[PDB]
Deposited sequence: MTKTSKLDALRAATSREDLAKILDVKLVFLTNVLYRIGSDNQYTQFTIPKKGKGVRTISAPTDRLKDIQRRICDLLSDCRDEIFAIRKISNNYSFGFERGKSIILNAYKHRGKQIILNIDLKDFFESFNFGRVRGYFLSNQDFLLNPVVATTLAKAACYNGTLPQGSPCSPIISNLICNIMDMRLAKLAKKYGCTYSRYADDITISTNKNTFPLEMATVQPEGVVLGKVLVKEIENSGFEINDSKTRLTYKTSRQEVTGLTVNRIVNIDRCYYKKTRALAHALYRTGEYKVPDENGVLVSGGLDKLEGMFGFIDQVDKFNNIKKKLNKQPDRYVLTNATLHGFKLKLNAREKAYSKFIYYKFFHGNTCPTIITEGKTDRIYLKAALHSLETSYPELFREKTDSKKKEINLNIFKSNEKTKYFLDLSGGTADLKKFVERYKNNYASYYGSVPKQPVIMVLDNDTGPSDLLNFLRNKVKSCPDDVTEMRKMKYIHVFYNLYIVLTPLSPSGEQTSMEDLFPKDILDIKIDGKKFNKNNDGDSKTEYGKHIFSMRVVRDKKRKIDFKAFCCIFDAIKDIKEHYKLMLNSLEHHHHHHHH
């Protein structure tokens, strides 16, 4: 329990009652799912098409066997972690279905190697039969389970005397039983001077030798023929080889480990990144991009899918950056210390494409108005205020599938390290000034596309926006005469779709920030006997604690009367932009 003695609890168990307690399910429910309704009668088969005529068949547990198997998976994952701790070892050979392991680390193991050999195991899960699972639980030290517990686990895991593909616990059991082959193959590889790794049923054996060892594989004119020692090592561990998938790749072609290039660095497939580039280009250009859904029929993809692809590329990009940092050797020379558009000089071409896509997502292809604020707390204030006045502004909300789960119809931009890296927007005022400065070129970079929604920058009055106001006056000149009239106006219209909303002044014309919009009954509340500092100048608590324990604290019953103004402005802006699209 608590990542300390789950394995001890499992070993101590002597009956299905103990096992049911460990899994945290009733004994009646467990033995009803497993035995009353035989586990062999709770699997549905589906198919994944394969280009090689046939298809890949997946057996999946129905509803409740799946829950029991997920519990077994959690138990066995914790047990494996504890075994690793006890034996004082680390996972260096298995990457497939392992916690803390990814395809990136598996590829990194073989980065830059002269020759790479790829083997695939035939019918990986069908090879783990019921006898093998039960025998592993009975015989392998560190488990040595009592017969009843081991048999119950084996029956809850297996379908037709083998591990099904779609069972949640099959991955971990496969890892546990394939550790034997892992160690044998690691010994063999180290013997013949090769790096070895596995990812599910995908074995990679690389070497820096110019010729692969003859005991591992030879390149006959017929093709790649695995050596007898390696083949017998794999077959003596109870697995077969898919002879039609054995590859031997030299440095002069693309060396791929589990989908990633390893010729020089761990990289994405160039074809994949270029296709993501082209899909983003198509989205910017017309209004969308098309992908095949099931049978080659081109259907429009969503922003979610393209963002997921870009994030997949960015995972490898970020890994490479983190690795490059540890090697960076300081150098001489200087530059402009970044300028307008000078923050993209540090970015890749892939990272430049991702930056452009993120900017599009937030400011050019946004499907709802995007609100930019000037800090980490204005977002919480705006969200709370809009939630309180939901009925006052119905048009600022969307509707879910008839469950009263209404959501805010806005993109409240959240600035963090990632938007600082890609967009150059960490929430500072200088950052917003540079944002406005570059807005023209950023807008132009999207192939004449016209955003359908406005981008509203809601920020304080006279507190932060002074240089920005000077820039607006001296450069934009969106109005015939504007010096301080827009310093006190319902809103502003800077550029194509960019608007700015300043916090309304007091009746006396005072310069009031966003927090002044709360009633006086709330600004004076003391948390732990600490006076709420006015905004942040200062025994006192800053705006962070104010937002966390006052504004978001719904029990305090904060009335957002003097917030309606701001929301009203946004509403009007929406209509205004529509008129622009109608003119």
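Missing C-alpha coordinates mark the following deposited-sequence intervals, in order: 539 to 541, 587 to 596.
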